[PDB]
C-alpha cells in the first residue's frame, strides 16, 4: 500500500536548484530490465509517468542480484542528496541491553517495503525524476518520478521513522502497558502478558498498521527470542554479546591485532577483567595492515588471560527500576581500571573499563575521579539515574586530596571497599620549610641557538654542583636542576626554584608521567621523607637564586 498518512514537506537547500544529471547510455539487457521493473512499480503507485517539461534528471543503473538471478534498480542520488535540506537525526544513541526492563513476552515484527509505503511530498517529487534510455539514445525515453520515499535518498530514514511514530502514537496510548521500539524496518514489541494475551496484542497492532498501509509478517514474526541485535544476543531472561572467538594463529598481522582488539573491547561490556593494554601497545607506530607483529611476553600473557576469561560464558541481567544501582571500581594494571555495575550482589547489569590517560603527569586519585565521572554519565544515559559508588580509596586519602587541590572536584555518594590495590597519594609536599634542612637553590639555563645548558644548584652549606647538558629546552635545565637537588641530597630538603613550570608539575603530586625525567623526580620524591618546594622570580637577582644563577649562566648561556 501507500500510507494514508499526511506528508512531510521537504525542500532543497536555499540557493540551490534540483538535480540535472545526464543519463549515461545503458545496454539493451539493462534497458529492458528497468522497463520490466518500473512498469511494475508504476502499476502500484510508487512512480508516475511524466514528460520532458521536467528539467530534473537523476542517473539510473541496474546490477544483477545473487549469482545474477534478477536485476536491481540503483538510483545514484548523490546530486539530489546534496541539494536536499538537512534533517534531524534518526537515532542519537543506541539502547543498551542493560537498560531494558526484564520482559516476559517479546516479538519482532518487521515492516515490509517501508520507504515505498510512505507518500513523498508532492512538491518534491518533481526532483526525483529519472529516465530509461532508448537503445543507443535515439528515442527520447521513458521519464518517471516518485510518489513515495526513494531508497537512497537523504530524507527517507528521517521521514519514515517520523511517520511510523505518528502511526504508532494511537496504539501506544490505547496500550500503555506495551513497549515498542523502532529500529529501521524492524519493530520490537515486548510486554509482561502471556504468549496468548501477547500474540493477541500483536495482531491488534499488525491490524492497526494495516489500517495505515503497513504490511507485516504473520507466522514469520521472527519473535523467537534468542535475538541477535546490534552485536548482542538477547534472551527474555538475560543478555550478553554475540559469541566471541579468538583466532589462535601462529603469526599476527596488524590487521589481526585490530580485529582482536575490537572483539575484546566489545566483549568488555559484560566480561569483567578484559585487558588490551599490552596488545594495543603493539599497534603503536605506523605499520602496514599486512605486516607481521611479534607478540611480546607481556602481550603474550595478556592475550592469555583474555582467552581464559572468554571460555566460560558470562551473561548480563536486566534493569529493575525499583532497586538501587551500585557500581564498583577496581584498579587493574597501571592506569587501567575496570568496573561493574549491578543491583544485586554480583549479578552484573553491565561491565566496563576505563584506561584513558588525560595529559602527561597524573595520579590515581585523579584517574579514579575521571572514571567515576565517566561511569556517572554512562549510568545517566542508560538508566536515567546515578549509582552509588564503591571505591578502593580511603575516605581519608580522598578527603585530603580534594581539599588541597586547586581544581574543583565533586563525587557522588560512595563507600570505601577494601578491594586491593588501594588508591593512595605516594607523597606529600610539606607546607612549611624544613628547619635545619639543607636548602638547595636550583636553577638552569640553555642557549636557544645551541641547546647547551648547565643545570646546577647551590646550597646554604657551601656545596655547589653544576653539570652541563646537551640538546635541552630551558625547561629541562630547570627540571633537571631539581632532579640534582634531589639526588645528592638527604631525606629532608628544601628546594627553591624559579621554574613555575616545574613548580606546577610537581605541586600536583603526579605519580606517573610521560616525561622520562619527571618519573625519575617522582622516584626520588617517594624516597624522601620531607620535601619543601618554593618559588621566587627567576633572574630577578634575589638572595641565593642570583648566586646559583651566576655559575649556571656563566658562559654557555
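Positions refer to the first chain, counted from 1.
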Stretch with the greater mean C-alpha B-factor as recorded in the entry, comparing 6 to 14 against 535 to 543: 535 to 543
Mean C-alpha temperature factor, higher of 446 to 454 and 111 to 119: 446 to 454
Residue, from 509, 499, 494, 68, that the PDB entry assigns the highest Cα B-factor: 68
Given 125, 350, 385, 198, the residue at which the Cα B factor reaches its maximum: 198
Position of residue 136 among the chain's modelled residues by C-alpha B-factor, lowest, middle or highest third: highest
Ranked against its chain, the third holding the CA B-factor of residue 410: middle
CA B-factor placement of residue 490, once the chain's modelled residues are sorted into thirds: middle
Third of the chain, ranked by Cα B-factor, where residue 367 sits: lowest
Position of residue 213 among the chain's modelled residues by C-alpha B-factor, lowest, middle or highest third: middle
